[PDB]
Number of protein chains: 4
Amino acid sequence: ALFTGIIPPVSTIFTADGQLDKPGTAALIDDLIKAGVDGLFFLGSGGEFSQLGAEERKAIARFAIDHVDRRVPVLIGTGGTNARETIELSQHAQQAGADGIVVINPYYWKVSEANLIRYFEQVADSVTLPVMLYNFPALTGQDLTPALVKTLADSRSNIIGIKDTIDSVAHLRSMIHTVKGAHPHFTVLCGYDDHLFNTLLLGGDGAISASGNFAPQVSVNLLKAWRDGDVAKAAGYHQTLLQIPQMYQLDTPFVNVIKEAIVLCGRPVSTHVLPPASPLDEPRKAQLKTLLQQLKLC
Amino acid sequence: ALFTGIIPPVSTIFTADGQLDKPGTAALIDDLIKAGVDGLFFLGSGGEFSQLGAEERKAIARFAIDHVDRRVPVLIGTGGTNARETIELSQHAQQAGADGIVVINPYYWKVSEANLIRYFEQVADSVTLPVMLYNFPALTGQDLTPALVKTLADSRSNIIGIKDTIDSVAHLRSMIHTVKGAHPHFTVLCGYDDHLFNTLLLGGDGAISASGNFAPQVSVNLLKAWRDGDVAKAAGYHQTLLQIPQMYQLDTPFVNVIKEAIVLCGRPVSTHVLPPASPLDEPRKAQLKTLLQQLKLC
Amino acid sequence: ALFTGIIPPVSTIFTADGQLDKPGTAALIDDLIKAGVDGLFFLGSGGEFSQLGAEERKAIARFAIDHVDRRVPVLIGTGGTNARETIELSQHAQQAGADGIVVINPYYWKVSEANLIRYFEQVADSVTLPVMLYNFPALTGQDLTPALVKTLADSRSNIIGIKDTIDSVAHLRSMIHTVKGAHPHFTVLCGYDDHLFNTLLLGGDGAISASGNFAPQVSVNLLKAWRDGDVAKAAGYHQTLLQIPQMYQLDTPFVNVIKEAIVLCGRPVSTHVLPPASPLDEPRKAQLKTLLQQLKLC
Amino acid sequence: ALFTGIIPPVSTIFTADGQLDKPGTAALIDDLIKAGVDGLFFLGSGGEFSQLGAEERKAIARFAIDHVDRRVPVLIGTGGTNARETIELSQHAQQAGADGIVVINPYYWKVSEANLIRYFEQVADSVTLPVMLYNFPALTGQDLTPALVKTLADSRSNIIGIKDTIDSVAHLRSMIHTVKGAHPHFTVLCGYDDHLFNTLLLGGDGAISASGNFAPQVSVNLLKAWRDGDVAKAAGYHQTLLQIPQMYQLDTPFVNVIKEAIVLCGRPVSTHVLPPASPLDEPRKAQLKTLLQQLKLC
């Protein structure tokens, strides 16, 4: 099984001019690797892919992949509405030395199931790289059901996992049973912090979640405990992870929260986010601080 | 009141290599002007804006505005998820000689109301051109309520109309009462064929709907009858417009249907559509044909 | 085709004790018959069926049927969540002299399609009377799709119509094509005032809508103009019907608004509504009056 | 803090005549008490309250309370759509010897926030008994938000808890923070098996879930291990509770499954369920058995 464990959706750090902050992004990558994460996912939802252009995405992926310099596995999110661009971005990631790609379903038109299967088979066929599906139905308006994912796993041997982003035990349980019952080594990662423990107890593989950025040690330690057979210890970390997502309510989009949390937990970076996101105000920044306090994360 | 009447969401015609087909899209523009439409909207949902890159969108806008050569008012859809690019596209449209822009709300993240208002005020401020809002909640997953639209119309004097794309008499009626009650010259256009008659009877302004492409005369004739005070004749056309939308069920996305309907109703163009959309099969094409024949549209 | 034209969902008039007001309900019934309605529907949604017990419902139906004394067709709404109670109420309706029953799908559990079909088949089999289905998904949380309705009409020859209560041209168009395509005399009635004109133009049969209570003449005169082929005259009435539904926003539930409109339009009755509905306040009554005045309904 | 811990939504056992099976129901009640549950909740969703009439409900409550004979706390589910009936049933429960009532929001009309508050306030004023709210938005179409629940707790001091029936970590977390932050001894009980562990870790109080009927020891043993500070032993039971809910997919509604699981697990009763539920077929009963085998529940 590929891309198991704790794989944070890394924030892209920008300067006040809205340009890739290389020193800041590099420093975050290095903090993460040292914290013992199992890989790194650039240009996910939290990486701000949907607010960046194609050439910015390429320059960021290239910088990120080069800086990681093969210390851990690197995933690049290459999805969008423009299918020709998805292929372009996917082929670029392979060429640039990425280890896999993460592909969201098209999220403007909710395309027919025939067109959807066709779309994923086309992007899978454009690269020799492993492909991770990305389900985030709150944003897309179109669920990748366990049956559809099994159909895709059946069709293409490089479709090898899913980031399932949903506040639903049922969806995760059903994803694991249906897809991993057919394909034991297909990887299921939850996209929310507070589902990581259940995902592992269900037979899934880890998490790609926001708190990987500012509190990686919690998910890293939970995974270690679980793999060590120390379930009480794992549950202690899960208790923290249960409370973290309160902070995400502070703004929508909450990419600003995540970066402000990185700063508060001890890594000074610029916290600039791209429009239509906006800076987090001082009150809500203070609120974020007391929440991290109250969880001993800072 | 700007941009009233019948304003088709013009299909972008592509060659089989997926490049702008210039003769084909010129031919379509010319068909539409001659059919007596009150304006033309390029790069809406049916224009395939979400499947095109920024530089493609610019070159298409340029070609289209140029070809129209001011014979009617021209609208360009400049929206997306990347707000910096929306501003870039909006400024390009103004520079290229468009008469207005149409701006959909961001449709990946469903941004907070504060961020949404801020987004629309920033793009409105980026141009000196009139701005039409674009509501399509079935695709965006975020409705632009009548109260929100009224707030925006209050905030910016260049936010001057809305394309309201919803199968809902209540939404339209409430959009007209709430916004036009405050701003009598604010333009409300429905985005569905089968609501044009109701939109007019409610005190709204016209339609930007797909059948504008292949059966413009029905809408143009309805509007002429309505403005002439001949309501039985308008309702005659409405009866045809009530039935047209059956064809949109044939595929999803149904941009392929619209282009095949252009061909069947007498204008030979490539049908090529961009991925993730795909060619309409011979069976559903035959179904389209009997439907159009049915309605005496070919 | 059974139960076509204008069939008001008659309000049940209650004294302040919460008991059936016989003189008041009688007076309403007689006004409606004199107005030229094609039938009367008791204990629909606007009839407060879900706020009444089985024995109260039996008493109301009996009173209502006897008072109509066969001068128009009578429908009784017999649905709920307790299916044994549905059969009891449906058989009582036939025994009491009703001409048909109107049955909503169960609206607590959204029961499986197999259980749903079985439910409608058992109730249809419990009586020898015409059975009209009732779709109201905003309240039930379970749409009766055109396909399912067609399956039910195929299955049982006394399943002969539907009240389709939805603000959707598509749902009404599709119900007409799918079900009436297979069953030419299957009756489709819209449940909203502002869809009556479109329903008739689509090939459907009439309406069961709240405004039949306080402004029956608008719908009655629309239907008459349409059957006379005076479409312009019909569309004039439709313009009033387009506007009426702004009053239903004044409260939820809005049975109070409907009874207050009855009084305002010239028929003094108790306004009492059953819990959890409550009295309309004075300011909202004043708003309602100016609306009715406005539309020259009083 | 009232009604904490494990409180099964007791199945109502019916003979094939659709009548209360007193020996069967009494045997179930005794198994549950002997298993060490913290209380018993009759006429919840799984108790078929919505398929029963007022007088049937009174007879069941009375029988249940008398048979329990004060050995554990007894809750009666008194809600419905008919508010007058709710008051009747709520007052009867106090009179019959119940320790508390559990009241769902009205589920036909989604009544205004003002009507809803008034509703809960008037049922809580009709009794001197503790009142538990019941949130089940998948069925009701109307969520009881943490803010509304806190408003109700602020308003009436006998409104002392909630059954929150939702597959959502966020809704449970936010209910606990909002309501228990203002009212430390307000009880939050999850309605799903697979949320019991999370509910306790969040600072909530227990569960009312279907598996309390056929596998009460799993929840009882989870709660005991947690209160003993044996978190690893609690997590082991949670792993079973994670997997149990695949059985509820076997039918909708799934009250049949629950009764068949009671039989399979060692207690022979009528499985009769009330229409529009139906018998579980032989294939699905076999599936259920292999699920219970596989979790060592029988």
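All residue numbers given for chain A refer to Swiss-Prot; the residues shown span 5-302 in order.
Per the header of the entry, the method used was X-ray crystallography, 2.2 Å.
Placed from the backbone N, Cα and C atoms, the Cβ positions cover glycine too.
Annotated features in Swiss-Prot:
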type	residues	note
ACT_SITE	A:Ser49	active site, charge relay system
ACT_SITE	A:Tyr112	active site, charge relay system
ACT_SITE	A:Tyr138	active site, proton donor
ACT_SITE	A:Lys167	active site, schiff-base intermediate with substrate
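The Cα atom of the residue listed as 'active site, proton donor' lies nearest to that of A:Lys167, taking the active-site residues A:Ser49, A:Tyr112, A:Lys167 as the candidates. Proximity to chain B, taken as a Cβ less than 8 Å from one of its Cβ atoms, holds for A:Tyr112 among the active-site residues A:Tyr112, A:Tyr138, A:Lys167. Residue pair A:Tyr112 (active site, charge relay system) / A:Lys167 (active site, schiff-base intermediate with substrate) shows a Cα separation of 20 Å. Note: A:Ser49 (active site, charge relay system) has non-local neighbours A:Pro13, A:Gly81, A:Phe140, A:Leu143, A:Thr169, i.e. same-chain residues 6+ apart with C-beta under 8 A of its own C-beta. Classification of A:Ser49 (active site, charge relay system) by DSSP places it in coil, neither helical nor stranded.
In the three-state DSSP classification, A:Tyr138 (active site, proton donor) falls within a strand. Counting only residues at least six positions away in the same chain, the Cβ atoms of A:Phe45, A:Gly48, A:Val106, A:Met136, A:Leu137, A:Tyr138, A:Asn139, A:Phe140, A:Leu193, A:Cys194, A:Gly195, A:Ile212 sit under 8 Å from the Cβ of A:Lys167 (active site, schiff-base intermediate with substrate). Secondary structure from DSSP puts A:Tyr112 (active site, charge relay system) in coil. Comparing the active-site residues A:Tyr112, A:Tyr138 on other C-beta atoms within 10 angstroms of each C-beta gives the minimum for A:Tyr112.
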